[PDB]
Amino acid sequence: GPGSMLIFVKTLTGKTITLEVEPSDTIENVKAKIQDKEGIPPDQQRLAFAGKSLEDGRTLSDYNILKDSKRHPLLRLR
């Protein structure tokens, strides 16, 4: 909630969406947020950051992706 961070997600259609995520959110939770906003079922979603796959069970922080509030990662669906 209060300490959430902005991320971007590029979908297969070329649309980029934003999400607010907790440093602690799991990848599954990120996929649920993408479903909730954009309608893509989690079973279709495979997320990557900078060419590396994001595993179910990890947070973005488990990948050292979230920085300060100045820099916002772009995740990509593949």
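Sequential numbering from 1, following the sequence displayed.
When the mean C-alpha temperature factors of 6-14 and 53-61 are read from the deposited coordinates, 53-61 comes out higher. Annotation for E28: CA B-factor lies in the lowest third of the chain's modelled residues.
Sorting the modelled residues of the chain by their CA temperature factor places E20 in the middle third. In the PDB entry, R71 places in the middle third of its chain by CA B-factor.
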